Each structure stands twice: as C-alpha cells, then as structure tokens.
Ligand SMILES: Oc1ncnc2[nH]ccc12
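Shown here is one chain on its own, the form deposited without this ligand, set out as structure tokens.
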C-alpha cells in the first residue's frame, strides 16, 4: 500500500484510466469491464480492475486539480507498476469551432500551476503526452467513426477564475479545452519515467452557452471511454 492507495502490487493493470469523479470510475468499470473488482477505496477514491476484450485494465478516480491527480498518478507509477495513465474527463471550450460533445486529445497541456516550474528550474517545461498513446487514440477514434481534435489543453488551478481575461488568451493561442489535470499528469509522467494521455469531451462552452440532450452527451462520454480502451489494444500490438 501507499499513503493514498490501499492495494498491493498486481492489483492494478499496467494501464489505468482515470476520470476525476470516483463515481465515474465505478460507472466505467461496471459498463465496460468484465469481472471487475474494487481495488481501492481510501478517501472514497474508488479504483477497479477488470478486463476489456480479455485485456487487464484498471480505472480509478483522480480527484479535481493538479495536486490531487499528481498524488494518485505518482503512487500508481512508483508502487503499482503502472506504465500508462489515460485521463478521461470533461473540459470547457473557448474556440468557436470547437463544439459541445467534441472529443479533444491533449498532445500538450498549458497551465497556470507552478508545479512544472518547480520541477524545471523555473523554465518552461512543455507538458506533453506520449506520442504513441496519442496516435493510438486518434486511430481508435477513426475506427469508431469519431474524429478527435488533437492539440493543447489548459490545466487550470482555479475552476472559478478571477481572471476572465485569460480565456481570451487561451482562445488566441488555440487551446482546445480547459480542464484541471493534464499538465500535472504529464509532469508526473516525465518525472517518474512513465507515459500519459488526456482525452476529454467538451461539456461546456465559455463562448456560446448551450447544451444538448443528456442521451447525446452520455453517448459521447461512452465514445471517449471506448476510444481510450481501444487505444490500449492498439498500443499492445
């Protein structure tokens, strides 16, 4: 066990999907995994391990924000043999042409956190995903008839920002989605020598206030999970 995960080596697969919401980890395990067992419940951060098309896969919540997800991803990598993290989450859009229910793949993640400056001698660390994992996710989405956008996320420390002006800056520089984790996960992956990827579905538009039907939103969420799971199978080959 580690300070935030009451489990032993082998309880997790070498790939872990991670939503922010632990109740979504339970949702994913029940919906997509066969023979799924709960393997962590410390602090309510439910984690599960099962199989997808015979392949051992884990899913566990990471909580909200860079500090929370940095704890869980570190401990998985250093003590549970985890080689790949796929964050599966929601994000807010700032670009007009990025629509509700688009699937966004974060090849990079900008941030207003200081954690990577702390790692990188106060210089600019480009927080990036693993290229092969990005390619696997693009290819899995194509096989499913979903065309994902690949680009930069912005990982914010303040969901309730005082700086409304920063959203115009994100739009100017082409940020595809705003979430709260990717840059921290990518920093952990680089620090501890593992691989990570963040996929998000667009849940909100800071530009055009608008909302679709729940059935359509939930379909797209499941499409993101299918993309993540099928991308693992591609990487295995």
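Residue numbers count along the first chain shown, from 1.
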*Hey, which bit's got the bigger mean C-alpha B factor in the entry, 172-180 or 31-39?*
31-39
*With reference to the PDB entry, specify whether the mean Cα temperature factor is higher for 155-163 or for 91-99.*
91-99
*Divide the modelled residues of the chain into thirds by Cα B-factor and specify which third, lowest, middle or highest, holds residue 86.*
lowest
*asked:* Quick check for you: using the entry's CA B-factors within this chain, is residue 54 in the lowest, middle or highest third?
replied: highest
*B-factor third for the C-alpha atom of residue 200 within its chain*: lowest
*asked:* What third of the chain does residue 17 rank in for C-alpha temperature factor, lowest, middle or highest?
replied: lowest
*Determine, from the deposited record, the chain-internal third of the Cα B-factor for residue 26: lowest, middle or highest.*
middle
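Here the subject shifts to the form deposited with this ligand bound, a form of this protein not shown in this document.
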*Indicate whether this ligand has at least one heavy atom within 4.5 Å of a heavy atom of residue 90 in the entry with it bound.*
yes
*Do residue 203 and this ligand share at least one heavy atom pair within 4.5 Å in the entry with it bound?*
yes
*Taking heavy atoms only, is residue 178 within 4.5 angstroms of this ligand in the entry with it bound?*
yes
*Even though this ligand is not shown here, does residue 159 get within 4.5 Å of it in the entry with it bound, heavy atoms only?*
yes
*Can you say which of 203-211, 31-39, 185-193, 47-55 gets within 4.5 Å of this ligand in the entry with it bound, counting heavy atoms only?*
203-211
